[PDB]
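Shown below, as structure tokens, is a lone chain in the form deposited in one PDB entry; questions about how it binds or moves come after it.
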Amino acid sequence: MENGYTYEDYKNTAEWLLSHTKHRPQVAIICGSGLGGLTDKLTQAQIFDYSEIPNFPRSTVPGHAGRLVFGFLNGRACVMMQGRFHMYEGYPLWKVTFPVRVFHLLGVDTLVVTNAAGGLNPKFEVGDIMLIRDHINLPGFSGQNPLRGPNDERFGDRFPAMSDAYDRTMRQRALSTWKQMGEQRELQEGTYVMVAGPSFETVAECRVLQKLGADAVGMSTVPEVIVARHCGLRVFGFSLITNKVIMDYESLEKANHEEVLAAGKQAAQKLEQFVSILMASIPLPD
């Protein structure tokens, strides 16, 4: 197998965007789940549907793939993805992560990634926000790693390290912002495990993931982080705990998408505020 994209392809997509907007972003934000509305806070906003952009992964109905929104968020020149690609949809990881390498060639230096996740840590509660300190890449252990294939030194090394993936400094700076918001619940912090999905975990599977030392489980993010780190980006991310994974056989409740989207809706304002203030804490370049 190999990444279907040549270096020329990524460059071509970046050149195209560079020619169609005067915006020059520094921060890329992948808006996870129930956080799409964050583009409503950008100023000077210029929207591009993924369907218009050369080389972007395609959805059957071209528009449901989503859009890149360039603008300014609380001082920072941003590009936000509203709509992301998941491997459970059938995309190979070199398509899932194609935009990350584009952001880099646009001059982005920081990637913020967010998602919704199921809570594995028994102390977490629906609505909780968990900052991501580390991840467990289960698909990557098996060969599903976005860097599989010939390496291009123009982006990075053959064997990049991931032990420092999540910027220590901005997890610190985010603990600050949280007190400034004056919040009842404390800001959670922990390990995110990626599983492919799309079906939800069984009880026995949830117990496995808890014993691996994971705090939250979702179906995305890890690959983007790996590709970000590989090309030099600073990374910060968090998960909204939208549900507490079922851990025992007596329970008569089940994980469901409606309940995940509901939690998304509730935590919407909190999240957009949270991310907007944090922009000020991202270092300026140079």
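Between two forms, the rigid core is the largest collection of C-alphas that superpose within 1.5 Å. Residues carry their position along the shown sequence, with the first being 1. Residues that one form lacks are left out of the comparison.
Below: the form deposited in another entry, not depicted.
- Fitting the two forms on the rigid core leaves the C-alpha of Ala262 displaced by at least 2 angstroms between this form and the one not shown.
- With the core held fixed, the Cα of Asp40 is displaced between this form and the one not shown by less than 2 Å.
- In the core-superposed comparison between this form and the one not shown, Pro62 has its Cα shifted by at least 2 Å.
- Relative to this form, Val260 and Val208 separate from one another in the other form, with their C-alpha atoms ending up at least 3 Å farther apart.
- With a change of no less than 3 Å, the CA-CA distance between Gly118 and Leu261 is larger in the other form than in the form shown.
- After superposition on the rigid core, the stretches of at least three consecutive residues with Cα shifts of 2 Å or more between this form and the one not shown are 58 to 65, 250 to 266.
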